[PDB]
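Next comes entry_32.cif, with mmCIF, C-alpha atoms; chains and numbers go by the auth columns.
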```cif
data_final
loop_
_atom_site.group_PDB
_atom_site.id
_atom_site.type_symbol
_atom_site.label_atom_id
_atom_site.label_comp_id
_atom_site.label_asym_id
_atom_site.label_seq_id
_atom_site.Cartn_x
_atom_site.Cartn_y
_atom_site.Cartn_z
_atom_site.B_iso_or_equiv
_atom_site.auth_seq_id
_atom_site.auth_asym_id
ATOM 1 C CA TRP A 1 -17.911 9.975 19.113 0.00 792 O
ATOM 2 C CA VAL A 2 -17.672 6.741 17.066 0.00 793 O
ATOM 3 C CA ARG A 3 -16.314 7.417 13.571 0.00 794 O
ATOM 4 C CA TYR A 4 -14.044 10.427 14.164 0.00 795 O
ATOM 5 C CA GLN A 5 -11.478 8.459 16.197 0.00 796 O
ATOM 6 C CA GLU A 6 -9.354 6.602 13.638 0.00 797 O
ATOM 7 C CA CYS A 7 -5.857 5.130 13.744 0.00 798 O
ATOM 8 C CA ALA A 8 -0.250 -7.878 2.895 0.00 804 O
ATOM 9 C CA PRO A 9 1.949 -10.937 2.359 0.00 805 O
ATOM 10 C CA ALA A 10 4.976 -11.257 4.602 0.00 806 O
ATOM 11 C CA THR A 11 8.349 -9.937 3.443 0.00 807 O
ATOM 12 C CA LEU A 12 11.557 -11.917 3.900 0.00 808 O
ATOM 13 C CA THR A 13 13.527 -9.918 6.472 0.00 809 O
ATOM 14 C CA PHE A 14 16.248 -12.005 8.145 0.00 810 O
ATOM 15 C CA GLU A 15 15.260 -15.643 7.587 0.00 811 O
ATOM 16 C CA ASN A 16 16.510 -15.992 4.008 0.00 812 O
ATOM 17 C CA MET A 17 19.514 -13.712 4.544 0.00 813 O
ATOM 18 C CA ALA A 18 20.766 -15.493 7.669 0.00 814 O
ATOM 19 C CA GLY A 19 21.343 -18.759 5.822 0.00 815 O
ATOM 20 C CA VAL A 20 22.747 -17.071 2.719 0.00 816 O
ATOM 21 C CA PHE A 21 24.896 -14.616 4.682 0.00 817 O
ATOM 22 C CA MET A 22 26.362 -17.401 6.816 0.00 818 O
ATOM 23 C CA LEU A 23 27.292 -19.090 3.534 0.00 819 O
ATOM 24 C CA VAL A 24 29.126 -16.013 2.239 0.00 820 O
ATOM 25 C CA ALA A 25 30.971 -15.526 5.531 0.00 821 O
ATOM 26 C CA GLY A 26 31.741 -19.242 5.692 0.00 822 O
ATOM 27 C CA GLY A 27 33.266 -19.105 2.226 0.00 823 O
ATOM 28 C CA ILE A 28 35.380 -16.071 3.107 0.00 824 O
ATOM 29 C CA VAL A 29 37.046 -17.891 6.011 0.00 825 O
ATOM 30 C CA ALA A 30 37.614 -20.917 3.769 0.00 826 O
ATOM 31 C CA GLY A 31 38.983 -18.617 1.072 0.00 827 O
ATOM 32 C CA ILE A 32 41.472 -17.159 3.541 0.00 828 O
ATOM 33 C CA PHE A 33 42.558 -20.708 4.401 0.00 829 O
ATOM 34 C CA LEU A 34 42.766 -21.665 0.718 0.00 830 O
ATOM 35 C CA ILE A 35 44.979 -18.692 -0.165 0.00 831 O
ATOM 36 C CA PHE A 36 47.352 -19.511 2.696 0.00 832 O
ATOM 37 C CA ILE A 37 47.453 -23.126 1.508 0.00 833 O
ATOM 38 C CA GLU A 38 47.845 -21.985 -2.104 0.00 834 O
ATOM 39 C CA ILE A 39 50.671 -19.592 -1.224 0.00 835 O
ATOM 40 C CA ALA A 40 52.374 -22.301 0.844 0.00 836 O
ATOM 41 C CA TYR A 41 52.211 -24.703 -2.105 0.00 837 O
ATOM 42 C CA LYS A 42 53.607 -22.006 -4.405 0.00 838 O
ATOM 43 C CA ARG A 43 56.391 -21.333 -1.885 0.00 839 O
ATOM 44 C CA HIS A 44 58.021 -24.700 -2.621 0.00 840 O
ATOM 45 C CA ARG B 1 -46.121 8.552 9.971 0.00 546 S
ATOM 46 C CA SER B 2 -45.278 7.706 13.586 0.00 547 S
ATOM 47 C CA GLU B 3 -47.166 10.814 14.748 0.00 548 S
ATOM 48 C CA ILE B 4 -50.596 9.840 13.395 0.00 549 S
ATOM 49 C CA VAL B 5 -50.137 6.041 13.398 0.00 550 S
ATOM 50 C CA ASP B 6 -48.522 3.648 15.894 0.00 551 S
ATOM 51 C CA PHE B 7 -45.700 1.582 14.412 0.00 552 S
ATOM 52 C CA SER B 8 -44.027 -1.522 15.857 0.00 553 S
ATOM 53 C CA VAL B 9 -40.518 -2.885 16.427 0.00 554 S
ATOM 54 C CA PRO B 10 -38.535 -2.486 13.166 0.00 555 S
ATOM 55 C CA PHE B 11 -38.088 -6.001 11.796 0.00 556 S
ATOM 56 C CA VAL B 12 -35.950 -4.795 8.855 0.00 557 S
ATOM 57 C CA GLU B 13 -33.372 -2.013 8.688 0.00 558 S
ATOM 58 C CA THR B 14 -33.282 0.708 6.043 0.00 559 S
ATOM 59 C CA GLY B 15 -31.879 4.141 5.330 0.00 560 S
ATOM 60 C CA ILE B 16 -30.292 6.385 2.729 0.00 561 S
ATOM 61 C CA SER B 17 -27.296 4.226 1.792 0.00 562 S
ATOM 62 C CA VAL B 18 -24.771 4.540 -1.037 0.00 563 S
ATOM 63 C CA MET B 19 -24.013 1.909 -3.685 0.00 564 S
ATOM 64 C CA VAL B 20 -20.567 1.991 -5.316 0.00 565 S
ATOM 65 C CA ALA B 21 -19.197 -0.411 -7.914 0.00 566 S
ATOM 66 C CA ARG B 22 -16.212 -2.348 -6.603 0.00 567 S
ATOM 67 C CA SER B 23 -12.836 -1.565 -8.185 0.00 568 S
ATOM 68 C CA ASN B 24 -11.961 -4.822 -9.931 0.00 569 S
ATOM 69 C CA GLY B 25 -8.301 -5.794 -10.049 0.00 570 S
ATOM 70 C CA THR B 26 -6.451 -3.776 -7.424 0.00 571 S
ATOM 71 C CA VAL B 27 -3.092 -2.761 -8.885 0.00 572 S
ATOM 72 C CA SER B 28 0.144 -3.400 -7.035 0.00 573 S
ATOM 73 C CA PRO B 29 1.526 -0.121 -5.633 0.00 574 S
ATOM 74 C CA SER B 30 4.707 1.587 -6.810 0.00 575 S
ATOM 75 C CA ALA B 31 6.689 0.148 -3.880 0.00 576 S
ATOM 76 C CA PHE B 32 5.507 -3.397 -4.683 0.00 577 S
ATOM 77 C CA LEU B 33 8.881 -4.203 -6.296 0.00 578 S
ATOM 78 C CA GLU B 34 10.594 -4.603 -2.884 0.00 579 S
ATOM 79 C CA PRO B 35 9.727 -7.852 -1.078 0.00 580 S
ATOM 80 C CA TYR B 36 12.958 -7.571 0.881 0.00 581 S
ATOM 81 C CA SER B 37 13.010 -5.523 4.062 0.00 582 S
ATOM 82 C CA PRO B 38 15.120 -2.338 4.044 0.00 583 S
ATOM 83 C CA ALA B 39 17.643 -4.059 6.314 0.00 584 S
ATOM 84 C CA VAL B 40 17.728 -6.812 3.686 0.00 585 S
ATOM 85 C CA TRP B 41 18.862 -4.466 0.912 0.00 586 S
ATOM 86 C CA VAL B 42 21.427 -2.693 3.102 0.00 587 S
ATOM 87 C CA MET B 43 22.965 -5.979 4.250 0.00 588 S
ATOM 88 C CA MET B 44 23.260 -7.196 0.653 0.00 589 S
ATOM 89 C CA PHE B 45 25.083 -4.010 -0.365 0.00 590 S
ATOM 90 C CA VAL B 46 27.510 -4.218 2.563 0.00 591 S
ATOM 91 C CA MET B 47 28.267 -7.874 1.822 0.00 592 S
ATOM 92 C CA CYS B 48 28.946 -7.028 -1.829 0.00 593 S
ATOM 93 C CA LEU B 49 31.467 -4.352 -0.839 0.00 594 S
#
```

Mind converting the file's structure to structure tokens?
Amino acid sequence: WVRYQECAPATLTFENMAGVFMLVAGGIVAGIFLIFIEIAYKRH
Amino acid sequence: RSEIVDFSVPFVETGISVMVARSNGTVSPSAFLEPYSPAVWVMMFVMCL
């Protein structure tokens, strides 16, 4: 009636990744702009 | 003893207990090499691709 009934440091989940991931995505948009600028410069 | 004598309120507890030496230095489990959540690893792979 009492004993029979029976049912660690935190792990980075989406706090570290959010900042890092936003950086990677932010670079990708800038990279797309850079290539368009680079191709435009190479056009002339 | 309580049948022939008359005891009193137990002022100290006792019983047939078990003594076990404590396991010094708990070892990190096999899955201790993953601090990142499973969603963490999947997101990293997708970003790499």

Determine, for each residue of chain O having at least one atom at most 10 Å from an atom of chain S, the closest pair of atoms and their separation in Å to one decimal, counting only C-alpha atoms; order by chain and ascending number, as JSON lines.
```
{"residue": "O:805", "atom": "CA", "partner": "S:580", "partner_atom": "CA", "distance": 9.0}
{"residue": "O:806", "atom": "CA", "partner": "S:580", "partner_atom": "CA", "distance": 8.2}
{"residue": "O:807", "atom": "CA", "partner": "S:580", "partner_atom": "CA", "distance": 5.2}
{"residue": "O:808", "atom": "CA", "partner": "S:581", "partner_atom": "CA", "distance": 5.5}
{"residue": "O:809", "atom": "CA", "partner": "S:582", "partner_atom": "CA", "distance": 5.0}
{"residue": "O:810", "atom": "CA", "partner": "S:585", "partner_atom": "CA", "distance": 7.0}
{"residue": "O:811", "atom": "CA", "partner": "S:585", "partner_atom": "CA", "distance": 10.0}
{"residue": "O:812", "atom": "CA", "partner": "S:585", "partner_atom": "CA", "distance": 9.3}
{"residue": "O:813", "atom": "CA", "partner": "S:585", "partner_atom": "CA", "distance": 7.2}
{"residue": "O:817", "atom": "CA", "partner": "S:592", "partner_atom": "CA", "distance": 8.1}
{"residue": "O:820", "atom": "CA", "partner": "S:592", "partner_atom": "CA", "distance": 8.2}
{"residue": "O:821", "atom": "CA", "partner": "S:592", "partner_atom": "CA", "distance": 8.9}
```

> To one decimal place, how far is atom CA of residue 558 of chain S from atom CA of residue 546 of chain S in Å?
Replying inline: 16.6 Å

Please, what is the axis-aligned box for every listed atom of segment 827-831 of chain O with 8 Å on each side, as centre and edge lengths in Å to one decimal, as JSON?
```
{"center_x": 42.0, "center_y": -19.4, "center_z": 2.1, "size_x": 22.0, "size_y": 20.5, "size_z": 20.6}
```

>> Using Å and a single decimal, report how far atom CA of residue 591 of chain S sits from atom CA of residue 824 of chain O.
In response: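 About the pair atom CA of residue 824 of chain O and atom CA of residue 591 of chain S: they are 14.2 Å apart.
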